[PDB]
Every structure is written in C-alpha cells, then in structure tokens.
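Colleague: return atomic coordinates for the entry below.
(chains A, B, C and D, ligands or ions: 4)
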Number of protein chains: 4
Amino acid sequence: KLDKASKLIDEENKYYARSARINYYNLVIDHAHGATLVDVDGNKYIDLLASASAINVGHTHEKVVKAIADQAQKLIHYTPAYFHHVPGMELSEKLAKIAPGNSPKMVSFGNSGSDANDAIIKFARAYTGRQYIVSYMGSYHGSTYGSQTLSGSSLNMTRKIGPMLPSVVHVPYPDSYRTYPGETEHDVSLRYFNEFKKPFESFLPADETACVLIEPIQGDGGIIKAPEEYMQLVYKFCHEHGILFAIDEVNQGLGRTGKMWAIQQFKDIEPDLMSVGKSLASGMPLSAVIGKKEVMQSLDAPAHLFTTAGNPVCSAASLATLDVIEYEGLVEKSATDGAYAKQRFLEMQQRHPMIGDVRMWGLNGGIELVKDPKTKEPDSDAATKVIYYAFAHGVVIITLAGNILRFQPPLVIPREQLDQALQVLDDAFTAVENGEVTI
Amino acid sequence: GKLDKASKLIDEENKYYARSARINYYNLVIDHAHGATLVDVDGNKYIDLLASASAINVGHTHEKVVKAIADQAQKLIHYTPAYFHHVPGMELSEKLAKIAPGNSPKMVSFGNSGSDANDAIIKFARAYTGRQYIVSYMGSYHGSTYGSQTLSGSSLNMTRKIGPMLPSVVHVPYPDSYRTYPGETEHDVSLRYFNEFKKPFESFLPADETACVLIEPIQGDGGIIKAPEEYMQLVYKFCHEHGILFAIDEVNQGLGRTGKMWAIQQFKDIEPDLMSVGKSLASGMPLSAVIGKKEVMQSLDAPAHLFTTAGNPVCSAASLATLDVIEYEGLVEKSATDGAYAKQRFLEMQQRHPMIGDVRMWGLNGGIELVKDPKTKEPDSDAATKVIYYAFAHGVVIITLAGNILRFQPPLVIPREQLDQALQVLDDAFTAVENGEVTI
Amino acid sequence: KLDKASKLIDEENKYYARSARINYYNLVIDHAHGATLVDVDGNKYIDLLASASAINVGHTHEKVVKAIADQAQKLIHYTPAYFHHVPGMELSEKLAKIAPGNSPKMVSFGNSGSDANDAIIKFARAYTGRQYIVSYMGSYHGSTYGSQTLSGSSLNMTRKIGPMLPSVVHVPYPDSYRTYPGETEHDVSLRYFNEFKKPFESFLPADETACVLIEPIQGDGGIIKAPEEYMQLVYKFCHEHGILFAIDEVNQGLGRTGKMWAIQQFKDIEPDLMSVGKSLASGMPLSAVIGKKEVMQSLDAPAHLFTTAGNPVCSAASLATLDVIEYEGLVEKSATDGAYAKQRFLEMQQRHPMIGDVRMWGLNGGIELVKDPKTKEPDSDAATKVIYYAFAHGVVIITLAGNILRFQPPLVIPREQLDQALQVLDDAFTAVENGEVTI
Amino acid sequence: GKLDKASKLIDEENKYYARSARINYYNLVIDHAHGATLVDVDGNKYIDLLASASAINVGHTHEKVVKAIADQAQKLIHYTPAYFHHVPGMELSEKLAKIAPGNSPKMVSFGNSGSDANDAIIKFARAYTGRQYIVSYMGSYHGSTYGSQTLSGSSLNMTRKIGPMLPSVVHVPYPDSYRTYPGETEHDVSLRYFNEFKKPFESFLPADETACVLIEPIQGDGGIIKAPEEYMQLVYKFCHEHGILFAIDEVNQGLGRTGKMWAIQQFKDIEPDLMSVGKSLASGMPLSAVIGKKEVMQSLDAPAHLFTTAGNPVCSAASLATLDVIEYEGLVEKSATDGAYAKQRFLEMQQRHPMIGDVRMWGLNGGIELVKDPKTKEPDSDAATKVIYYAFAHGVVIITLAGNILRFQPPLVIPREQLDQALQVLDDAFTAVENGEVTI
Ligand SMILES: CC[C@H](C)[C@H](NCc1c(COP(=O)(O)O)cnc(C)c1O)C(=O)O
Ligand SMILES: CC[C@H](C)[C@H](NCc1c(COP(=O)(O)O)cnc(C)c1O)C(=O)O
Ligand SMILES: CC[C@H](C)[C@H](NCc1c(COP(=O)(O)O)cnc(C)c1O)C(=O)O
Ligand SMILES: CC[C@H](C)[C@H](NCc1c(COP(=O)(O)O)cnc(C)c1O)C(=O)O
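Modeller: Residues are numbered from 1 along each chain as shown, chains lettered A, B, ... in the order given. Ligands and ions are numbered 1, 2, ... in the order given. Structure data below:
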C-alpha cells in the first residue's frame, strides 16, 4: 500500500531538511492526470489538494505538457532580466489585461508567490515614498524575508530567524464564524474595521503607510472570506489616505473562487498591486506581480529581478494554462461545482453535527469541524481522523489550522470523481462518529 | 534592419513589462538556441559569451536536459515537495548532498531562485547559532528577495526606495587585487583587507552575536574578483574560533564554472557550513538549493522555509540531467582547460591593447577590466560599451559588469572553433575602438 | 495681564524648536509653591497639572529645596557610572525596597522616564534572550528611539523619523467608556484579552516575547485604568510563557493614584521591571528602572548608563521627596482627596451631561467631555473652552486626547485650593452650556 | 583607614545598584569636591583628572553655579517646558543658538543627556532630508539610548544581548594617525580613510538616501583621536554635495575642552547642520541640547522630541552660570595655554619613558597611549592599569580609555600647582612601573 513509498521517504529525510515540508502521510507520487494521483505503489487517489491550489487545470494537462516539451526544444532558458523571448512578452501582455480592472498595468516576473509579494512591498514603498506595510493575521504570503514578515499564520515563520523586515503592522482578519452572540454580518464588518483603524489612530501614520496587502479570502487562515462591507471600508480608507490597495491572488486566483479572481467576489474593486503565483504555470515555477502602470514604473533596474524568473519553458506552460481555463470554462465550472459542493456539504452538516461551518466559494472551501456546534471548540482530532480515513480510501485531503478540512481539487475535476470524493467524506464522518478510526 | 522584428516586439513589451525587471543592452529577441549558439527571431546567429548569466553551463537545449524535461512533464508536471514527495526530487537532494564540497554529512533544502537560497542561509544560520547578526561583502550579489538584497552590495538601486532593509546586517570590503596601493604584495592585500574585516568586530559588532559570514569565493557581479588564498584562510579561521558559520554563495561561480565543481575548491581545505546553489543547477529551469552541514539544517521547524513550486519535479529531472552532462562531458575539466586557454589569449591581447588594464580568469569565467590609462587604472565604461556593441554587430553577445569590465562566461560546452571566433571578434573590437571606428 | 509673558515667548519661539513643546497658554512661571503658580506678571494660579504629575510634593517644598541647596555646595555632580556618592547609594537602596512586592530588587539610574523605558527593553531582552517587546496603543513611554517606538499616543512620534526600533508589537488597551451595546466590564476584559492573544496566535511567538510593558493606568490615553480582570489575565499569561511583566510607573507612581504605585491598585501583582521618573526628584532630572535582582544582573557594563544620571543633587532631592510622601502621608491624602474629588465630579456630571465619563483614582483623574451621552462623541470644542475659562479664572489645567480634562494637582494641595479649583470647573461647564466662552 | 569606610558603602550599594551602570576602577566614595579637588568620606584629597567624564569643565562646585542652583531652586524647582515656560530656559536656548559655531541662524531643543541629544539628531536629520540612512563611526560613543547607542561603536557590551538595534545605520572607520602603515603621511592617512568612507556609498548605501553623517571632531572614547584636517574637509564636502547633513558630537569635546569653544573649531570654516551638547553644559547637572540650522529644526511638529524634566529651570540656571564662568575666566584660552604646557610635559616624559607610544593632546584634553614597544606599538594595558593605581594611591584620580590609553581631562580651572603635582605623580608612576615596583 505504501511500502515502496516509505522506503524512499526514509532516505529523503537523511538528505532533505524537515523545515521545507509539512508532513501528513507518506505519499510518493509517480504520475497523475486531471484529478487522479498514482503513487509508485500503483494506488490511485482523487486529488482534493491540487498541490496547494497550484493545479487548477488538472495534472499533466496535454496542452500544458505539449507547451513545455515544445518550448524546451527551442529554448529552455534565457533570462528576461537581460534579454527578451516571445513566450514572456506574450504572457506579460496577457496578464496585464486579464487582471481585474480597466486601468493600464505592467507586469514583473518572479519564480514564486513569495518573491511576488516581496515585490509588492518594493513597488508600494517606491511609488508612495512611504515605508509602513499593513498585513493580516492568519495570512500567508510566502517564505522570503519580506513576504514572511507579512504573513501571520504560523508562529514557526517567526521563530529563531528574527529580526524580520521593519515597518510592518498586522491587523486582524474578519472571522464570521467565531463571532460574538447576535452579531450580524454588518456588525462583524464594523467591529473588524474598528480594529483595522486603531493602529492608524495611535502609532501608525496613514500618510506613511505604503500599502495594505490582503487576501480576498484567506487560504491558510481556513478559507475565510472577508465580509463584502468590510472590504469596501478598507478599500475606501486606502484611497482616501494615499495607501495602495494590494491583494494576494497567489492561492485564491485564476478561477479558484468561481470567478477569475477572488477580489471579483466583491463590488468594483481594482487593486493597485497584486501577486499571482502557483497555478499560473500549472505548478511550474512562475509568479508575477501586476500593478497599475504608474506604480510599476516607480523602480529602476535592477530593483526587482531574478535570473530564472520569466523562464520561457515556464511562460509557455502559463500560456497554455490560461487557454485551458478560458476554453474549458473553468472559472464558470468552479462557481457551479462550488455551489453543488456547498449543497452536499450543507446537507452533510444536517446529519453530521461535527461540521460546524461550511465555507465555500467555487471549488474552494473550508469544512470547519468542532466538538460541539454551540461552543465551536476546534476539533483537530475529528478532522485529523477524517482525512486519514480519506487517504486509506483514495482521497487526498489535508487540514488548515488543525481542525478545518481544506477542499481545493483541480477545477477540471469530473463530476463522477467529485461525488466519489464527497461520498468518502460522508463515510468518514459516520466512521468517526461511530468511533472507527484510530490513526 | 537586421533587427526589424526584435525592435517591434520590444516596443510592445516595454508597455506591459516593468523596466526594473531588465538591464537593457541590445534589442535581442531570442528565438532558439543550442550549445553556445543563439538565433533571434530575425534569423541572426550569435556566439553566447554570457550563458544567460552563467545559468547555461552545459549549453542551450542540451538533448539530455530537453528530454528529461519532456519525459518528466508528461508523467507529472508538478506536486509540491512542501507537502508531498516525488522521486526526481528525492534523488537530486541526495546527489547535491554528496557532490557538495567537504566530507561532513549534509542536508539540502530546495528553493526556486538563487535569491531565496541565500534568504534561507540567513534563517538557518540565525536558527542554528542563536545569533542575529549577518556579515556580507560590498560588491556582492545574493538576490532580489528582502533577505538576499540586504546582503548584496553591488548596485545602489537595490537599496533605493525599498527601505528599510533587513536589520542586523553589516557590510565589509571585499579584497581587491587590481586597485591596490604601490608595492602591495598579495600578502599585504590579505592583511589589509582582513584588518578592515576585523574593525567592526573590534568596535560595535560582537563576534559572539554574528550568526554567519556570507561570501562569494569569487565575486561575480562585483567584476569577477577572487579573494586571495590567505585572506580566505584568515576569515575562515576567525569564524571557527568564534562560532560563526562560514557560508558561501556558489550560485554564479559553482557547477564547474571556475574549473572545479565549486569555486570554494580553488581554496585549500575549506568546507562551508552553508552554501547556496542555483542558475545552472537545472540549465535555467527555476531551481535553487541551500546545502549545509547536517546539524545546521536541522535547526529549523516547518514551515520556516518552503515554496509551493520549489523542487518542481520537471526542474529536478532537468537538474539531474544537467549534473550528468557536467560529469560525462567532463565540463569541469573543460572549463579549466579552455579557461586556461582563454586567460592566455586575453593576456596576449592585453600586450597589444593597453586599454585592457587587468585580466582576471578562473575556468571559463573571466573579467577583462578596461581602463583609460594603465597607470591611473581609471575605469573606461565608454570603451567597454563600444567593444560589446561592436561584438553584437559581429555575431557575439557579451555584456558588462560595473560598467568597464567585460563579462566572459560562455556555456562550458562551447566548441573551440566558436571560442576562437569570439576571441577574434573581441580582439578586432579592441583595435576598432582604438581607431575610433565605433560609435555608441 | 500676560504682557511680559507674551513678549518673552515671541523671543523664545525664534530659538526653541516648536516640537519641544505642546502649546496652551502664554504662561511664563517666575516662581511657585505647593499648588500655587505665579507668572512673571504677578498672576496667581492653582496648579492642576503639577508639571505632568512631576510635582507630587508641591512646588519649592522646604525639604526638597533645602536638600538641593545643601548638596550643590558639597558636590554638584560626580558620575555613578564611574564613581560613588552617598546620596545615590541611599536612594538606590531605598527605592529597591519601597518598590511593589518583596522579591529582592536592583536599581539602575537614568535621567528621564524615556531612558528608563529604553532600559526596560534592554534588561528584558538580555535576561530572557528574546527580542520581541509588546507595548500598548494609546501608551506614552518616552522620546528616545526605544521608548518612542513602544509608544502609541501620537502619530507625530512616528512620522518622518523612522524606521523605528525593530521587534515591537502594539496591542489595544482596554477602553471601558466607549464599548459596544450592553457590554459589562467582564466583556471588555475578555474582548481586550482576546485582542491581546491574536498576535501570539498568529505571528508573534510567546516563547520569543521578552516582555510586555504596560501603564497600570494610561496617562496620555486619558487616565484609563484597565479592568482588574484584564490585568490578571495578562499577568498570568506572561508568567505561563516566560514573558516578563513590566510596568510604567513614571506618570501614575509615587502616590499619584492613592497608593504608592498604580500597579498596587490591582491584586498581588509584582512586576519583573518597572520604570520610575518625573516626581521622584520633584521635577529634577532623575529616573530609574527597578527590577527583580536576577533580571538586573543580566547586563554587563556599560550596556546601560548616563553621565549625569544618578546625579548627587538630584539624588538628594529625591530622598527628600520620598520623605515628604511618607512624613506628610501623601499616599493616603491622595486616596482620600481623590475619593472626595471623584464624588464632587460625579455630582458635577449629574448636573452637567457634557461630562460623558468621570475617571478617577486618587488625586489623578480624567474628565471626558462629549456632545451627547448616548453617542459619546468627543467634544474637543467644549473641553478647550473649559480650559481657557479656567486659565482666565486662575486655574491651570490641560487636556488629554483633545476632549479629556486632565486632573493631576500636587498631592499636597490644600483642600481650600482644591475646592476653589473644583468650583471654577463647575462654573466653566455652566458657562460653556450658556454659550459664554469663545476663544 | 584610607578606603575602609568606602568599601562598606560600596559593598552595600552593589547589592542594590546594577553592575551595568558602572565601570569599576577604584573605591572612590566622594563626599564633596571643589575645582579639581575631590575629597572622600575619610577626608582624603585627590586631584581630579577625569572631570567626571569631562562634565566638570568649570571645576567642581563653582560658587557662581552653586548660587545659581540654590537661588533658582527656591524660586522654582521645576515646571516642564514641554508645556510651559520659565525665564532661565528661555535665556539659555537663546544663548546656545548664538555661541554655536557658524553664522547661520539656529534653533535649540533641550534634553537631559548627550544620548537623547544624539537620538534627536537622528530624528531631525531624517525629518528634514526625508532620507532614512544614518552614518556614524567605529570607535565612537554617542549614548546609551537605543538610537544613540546604535550609532555608537566603542564597546561590544553596548550591543550584546540587546538587539535588534535601530535600523538603517552604517559605521565607517575613523582615521587613526598613530597605528598607520609605514611611510604614511597625514595626506595618505586622510585619503585612505576617505576612500574607506566612500566604499559603502559606492556599493550598497545610496548617498541620496543618507540623512546624515554624525561624527566626533575628536573621538573621546576612542582614545582622544583627532581626525586629520584634510579628511574632515573631504567628508564635509561629500555631505554638502549629496545633501547629506553634517552633524557633530560636542558632548565630550565641547565647551572649551579642546582649547577652542568647540572641537570642530579645530578645523577651518566648518559649520555643522546639527550638533549635540551635554555634560559640562550644566556643570554636571542633567541637561543636554541639540542645536541646528533653523530650517532643519523646523521639520518636526510636537511632540516628536521632548522630555518632562528636560530644560529644568535649575539646570538652565546652572548652565547659564557655567557659560558665564567659561567666558569670565577665559577657560577656553586657559585650556589651550595649559593644554600646550601639559602636552610638552608629556613629550618630555616620553623622552625618558619609551612606554609612552603617543601623546595626543588638544587643550587640557589628552590621551597618553601606553605601548609595550615603540616599533610594534603593541598596547600595554598592564602598564596603564599600574600607572592609574599608582596615581590613585598617591592622590591622583585618572582612568583609561581602551585599556592602554591614559585619559587626561581635568577641570579646565585646574590651578597650575595642582596640575604640576599630578603631572609629577604620573612621571613617578612611569618610573615606578619601569622598575616593577607596582603590582595591582
Ligand atoms: C504552508 C502554506 C503553503 C506553502 C502554501 N502557501 C501559498 C501561498 C503563497 C506562497 O507562494 P509560494 O509558496 O508559491 O512562494 C503566497 N501567498 C498565498 C496566499 C499563499 O497561499 C499553501 O497555501 O498551500
Ligand atoms: C543582476 C543579477 C543577475 C541576473 C545575476 N546575479 C544572480 C545571482 C543571484 C541571484 O539568483 P537569482 O537571480 O537566480 O535569484 C544570487 N547569487 C549570485 C552570486 C548571483 O550572481 C548575474 O550574475 O548576472
Ligand atoms: C563610558 C562613556 C562615558 C559614560 C561617557 N560617554 C559620554 C558621551 C555621550 C553620552 O552622553 P550621556 O552619558 O551624557 O548621555 C555622548 N557623546 C559623547 C561623545 C560622549 O563622550 C564618557 O565620555 O566618559
Ligand atoms: C506628551 C506626554 C508628556 C511629555 C508626559 N509624558 C510623560 C511620560 C513619560 C516620559 O518621561 P520623560 O519625558 O520624563 O522621559 C514616560 N512614561 C509615561 C507613562 C509618561 O506619562 C505627560 O505625561 O504629560
């Protein structure tokens, strides 16, 4: 079942540092296609992680596979940091326009979402001439010294490595589930906007805040969407004070949320800056920061550039990846399957009381499990047990914040495989309730 | 116009793509390449003396690399090593552990770029030592991420308008063997620079609170300068006697570029606690790695250092094929031989062309420093611009460092006939510039 | 009436930086005694400010004046950084014992409360080996880069002078007066302790937090005392995580609150570190950091010291100051006149509904003005009128946060003077209601 | 008998007073003092050569200052200028703004210590220029507050255990004119050190982002080291050309200590943008001030920089008197005259005592650097210790700088008789060390 896989993981742990991996189970993938993973042992699973929302278009999509192998024969690499290639020129043009909004934009290439967010700090700082950056608790923007300082979802991203980047203030992200009693969405929006302002009313000058970076829906936080009114308040606040408005679309973008972009789950908001990564190259190492033209011109070279960034083989794969999304109606597909998945999960909650909250926007959801529906006490054990039952039954799914099931399969997932996956979870809950799982 | 398409395409790209993301030289829209041969969209062929900033050690589109890229992609394009495992990456992390310089057990951590690798060095060093301070050199380049960019010291536009930078970082002067004082021997240089090295430790920087010294055995972007043997030994000793980790940046000078596997092996008996790799690691595919002594790498918990796409299975395959080409075609030796060849050729050119003030070369990695007057050693950026622009017009691509130093880093697999063409174009370029035939 | 006063200030304003003063009145003091001020024109005023709670024992106190004169003849100054003098040895020993708690304590001198709070950062980091400091929004700790970074009461303390000291996190301070509908003190305490945790649950590791600095009662914030329950939750949390618990007694200490130390207004709380300043030497430049011996021995010379710090003249003045507090029973006097003062103001509140909130502990209080009781909207206009009517009727009083009247007279103030001052304040409110005062 | 009472008071103070707040030399428990005379609790007399870190330029307990203190204490012990005004402070701030070097209008701002004055400099420079980076020197001491301590560079214990320190700060070497390279002239020294000064600016530090350069015209803590005239001129010019404010620390070397009113007046026509004053300003009473060109001092709104006790009416009275005494007694001139004499006394000594490697002196303000051998210049801290204890046992109080440098900064009023007494004792000390007659 996992024999060949375990023998190898045990040799990788001698040579590969434990800091670079979050460990759940022994999974040594041989190959995969669409939403199906096959390990070296021959076990087939249904993928509900999509490699951390990096494979919206499914594993080894033939169009993407072909682009890669085609481009590799011509030019594996020549750095855009010095010269020019057709795939990159084409892709920067396309990203500049498909980004939300109608203001002219420019693009800057990276290898990872992390460096894209580092870029955001740069551009924001150089454009405004201000130094302070506001980010959110519960957020995750990367592992580079800039984007890690912004993050607030793991204490291990601060431990033993400080001091971090100076001039960063964190604020709390609106939690609509663990609220005070009798609190409407409007009250939640107003409460969290009060917290948002307190720093600006005490030690943090609004005139010296370069920007505010926010995930329209916090991924690592537990698929938490900020209330519509809250986003508007913060948005208005930024433009009223010269503070750039930046979004992290690294995880929640490219159709994940049932719209091209997660910020498009909101009314008429265009970001000054935004980070795109992961799925852009179907898992290949490509990222980008997109921004209003005037902001992207604020820096002179080489303020922000990487040798391997905007790799032609990777740019080709992103060009195919985007054609796949538009041509297979993946954005629209996600909104639909996300609505059907929500229904089945809301129905599961009528039978399984442990499922405290069902958050879902497109094929993008968080299934928050608790010990009691009225106390909302996190249940890491129920959640932990559910996934293992899933793994042993051909479904790969993980957790966020211990007790929340992370549901983010490839957007191209066939309906047959979704019902097949949604069933195994239905069983997992019963299996857990009837005390049948002991990890 | 030889560049009729290239110019038209760049005019559009400059509207959508930030200008800070590229150091502009020539209108070069590459269509395809192989070995040390590049072909633009207009059909013009060039000899590659830049190797995409030493990211193409084994030459463009090597069939083994191309094949590994195509084979691996079909089976699995990606699945993050930050959560799960794939065979190509398990194998590469093992190989990079043993081929790393020194004999101490080592562990590897993958990244995407040279920049994030050095960012990791800071963390691992800080985490292991329990100290916060980091020492790096002026004239260095470690990356474009907030950590590595703070360590760098080669471009004022890497500090400008993005401050404040990362705290607890101190810069020291890197030993310069060309612009020295009258009568200074190598021993004098080593001592003078080691003495500047100490000053901060003798004043405000506690040696006991310094997590590590990061250094380029040969500064690349700094103008291809090699630290004198004795200097490196003084520094290396000082670190050990004080519990400071000794880290090296091998992102540019590594993988057979200097004529050995690692630039550090040009120095006697030195094993680093931490080292950064990238670029040529996967023939230009985005893949880096930090490699350090086992006990250091273990000093951090997850997810202190990971990237979704770092250790990409396609890039891992690419890298294994790359490392195989270096071994099988004996590229390390070839660099040492053709390097030695290039060096003499350039030293002979210097005898006829006094604008060439200094010839620095180790493997097929060289800096040809151009100066107005050999006695004053005053930099001649205008001349070096002329040489390179003449070369471009004559089918040879080559850029500069620090304005006046010609950058010599072609793919290690370059055929002797093409190495000789390029050298002749360069020679011709020098004569052409002397006669005032080249206009910038 | 302000002739000589105004002519002198015009001449001063060409030479003294405007940032070195917050301007109220053309008040040039020639001399003073007890709670009576006398300007260079002959006008008399009752002091309700006490040089910012720096004159607890009253102006030109016989004991304190004589002490200063006698010491200046024997030795104006010798630095304790290098050599010893008797007045300093007695002071450092005495303070070490009159500090709250019975754990053994050591003392280190400074010149102002600012540098003492800078010391607290040093000693905390040193002892714990941790780098992160947690301070409060709405706090004021000093004008030195360390203490200024910890501060949170004026955006002008951050502007144009950054970057600030790294590894500092700001948490909100419990606000009893402006709460949400139907909140009890218990809800306030739990809410604010809930905000306090968020950072430790996201990006701030408790295990890497050296300390938490807090004012038992925020002075600059507006005489805001934190709920007993809150404090205990914080204090307990600190001990469970190895986080030192620091207090800033610079403003609210030395009997100001009706007990020796503002921290003693809470139950069984001994700080690991405490800053003292202001009134310790009757306004002479002298401060101190007092901590548990094990904490203070964590530093080697000269990590923290000052040339003029622990000055023999300012040490003598302090010894005499502490003698007055003890001999004249000023701690008890403050508790009593404070209890009395509070009831008088509570009584003024019932008759004057522009008094939104009456915060008082000992002879120190904030009298917050509002436009409407239900809204609790700040009424800066009214407050400014009151303080100008006051000055015009021989009473010197300033505001905190624009709308809060700062009631902090010398502890030795005579009941008659106190009553006359209170009566003028009563008249002021009545006058402002009748529309009789415009500046 | 001699220090028995002092050893019991000190044994008890060590239980309550932190060891970090004092540099321990001797069991000197002072009862009173006047001029350059110190008297312990046992009635022992000592000649003061430390002037309590040069905070007693006008001698201990000057009668005019004492009267100033007592008279004022009776009128008003304190009322903060942060909120209100008092005549003594208004007079002082006016006078400081005029006696400051240069003819450009100035504005003052009061603090309590040299430290907060230096933190203020950072603020003012950053606020005026809009730039963040500050440049200070190694071997410098500017204070114990987090800002000024970060600029400081004279002690490792001022950084240990307390970081991270204030960001955006770079340290540069100070010109050493004693431990030079063989054959170096003042010119050579000046150019070498100016060249080191530029390396950061030529590598990672953007000059257009450097708010200022803070410097001690003569380093006090460093060992009484004066920068060469030419060097200072070059740095001065560099600052003006790039908009970088030029700040000086006059806390230790100001108020007539060097033979001129300001240490910077030892150089030709150099007016600072910002400067810091303290110590002697108020004859030891806690008062400091930052002084700068008006336009610079107007770049902050309140309360960016203020202290409750800062500008205390008694301290200002003390300061006003101390300034009249300097003037009335011609102390500036006396520092130069008696400084020139003391310098010769020490040079005559150096002729018979070759352990005296260097005699640095400017006013009654010197550093007598003691070495093991004149050729090698190896520091002899052992000898220094012995000399200072021998001096202490024979009624002369004096301490060292950097372990091997004797610190010479008595009260400027020192009577010639006492000066010769002390001098003769230090001579006796050298002879005594020579003969191994002194054991610590
Ligand atoms: C442990 C979290 C893992 C690494 C991962 N974090 C992704 C992430 C990144 C990181 O971009 P890289 O990692 O591509 O540089 C940036 N921004 C957001 C919003 C992200 O969500 C995840 O969410 O699964
Ligand atoms: C202008 C910088 C250019 C592209 C490039 N320098 C890249 C570089 C990097 C960053 O590696 P990335 O860029 O993969 O993160 C890291 N370390 C060294 C020594 C490097 O030399 C050069 O040498 O031309
Ligand atoms: C150990 C050095 C001792 C304390 C002392 N240092 C004083 C000093 C200060 C500190 O000013 P404070 O101490 O008034 O804040 C600031 N600037 C210079 C040039 C100084 O020289 C000395 O000179 O002996
Ligand atoms: C604007 C606040 C003014 C100046 C003043 N603040 C004093 C203060 C200080 C400053 O101590 P210093 O300045 O002696 O170093 C430190 N800590 C607390 C709690 C303080 O309250 C006040 O309370 O009116």
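
Colleague: stretch A:137-154 close to chain C?
Modeller: Yes. For stretch A:137-154 and chain C, the contact criterion (Cβ under 8 Å from any Cβ of the partner chain) is met by A:137, A:138, A:151, A:152, A:153. Yep, even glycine has a C-beta here, placed from its N, CA and C like the rest.

Colleague: cool, and stretch A:214-221?
Modeller: No. For stretch A:214-221, no contact with chain C is found by Cβ under 8 Å from any Cβ; the gap never falls below 9.2 Å.

Colleague: from the chain's centre, how far out does that stretch sit?
Modeller: 7 Å (Cα atoms, centre = their mean, to the nearest Å).

Colleague: and stretch A:131-149, by the same measure?
Modeller: Counting by Cα atoms, centre = their mean, stretch A:131-149 comes out at 14 Å from the chain centroid.

Colleague: what's near enough to touch residue A:314?
Modeller: A:281, A:284, A:285, A:286, B:285, B:286 (Cβ atoms under 8 Å, 6 or more residues apart in numbering or on different chains).

Colleague: again with residue A:55
Modeller: A:47, A:279, A:282, A:283, A:410, B:77, B:78, B:79.

Colleague: from those, pick the one nearest chain C.
Modeller: Proximity of these to chain C was ranked by Cβ to the nearest Cβ; the top entry is residue A:279 with 25.8 Å.

Colleague: what parts of chain A come near chain D?
Modeller: Listed as neighbours of chain D in chain A under the rule Cβ under 8 Å from any Cβ: A:129, A:131, A:162, A:163, A:166.

Colleague: turn those residues into JSON lines, including neighbour count, secondary structure and distance to ligand 4.
Modeller: Output for the residues of chain A next to chain D, formatted as JSON lines (neighbours: other Cβ atoms under 10 Å in any protein chain shown; DSSP: H, G, I helix; E, B strand; the rest coil; distance: Cβ to the nearest ligand atom, whole Å):
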{"residue": "A:129", "neighbour count": "12", "secondary structure": "coil", "distance to ligand 4": "28"}
{"residue": "A:131", "neighbour count": "23", "secondary structure": "coil", "distance to ligand 4": "24"}
{"residue": "A:162", "neighbour count": "22", "secondary structure": "coil", "distance to ligand 4": "26"}
{"residue": "A:163", "neighbour count": "23", "secondary structure": "coil", "distance to ligand 4": "25"}
{"residue": "A:166", "neighbour count": "25", "secondary structure": "coil", "distance to ligand 4": "23"}
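
Colleague: wait, which of those residues is closest to ligand 1?
Modeller: Proximity of those to ligand 1 was ranked by Cβ to the nearest ligand atom; the top entry is residue A:162 with 19.2 Å.

Colleague: is it true that the closest one touches residue C:208?
Modeller: Yes. The criterion here is Cβ atoms under 8 Å, and residue A:162 meets it with residue C:208 at 7.1 Å.

Colleague: what's around the one residue in the stretch 1-150 of chain A that gets nearest to ligand 4, how many residues?
Modeller: Residue nearest to ligand 4 within the stretch 1-150 of chain A (Cβ to the nearest ligand atom): residue A:132, separated by 22.2 Å. Around residue A:132 there are 27 other residues, counting by other Cβ atoms under 10 Å in any protein chain shown.

Colleague: tell me which residues form a beta bridge with it?
Modeller: Going by DSSP bridges, residue A:132 is paired in beta bridges with residue A:209.
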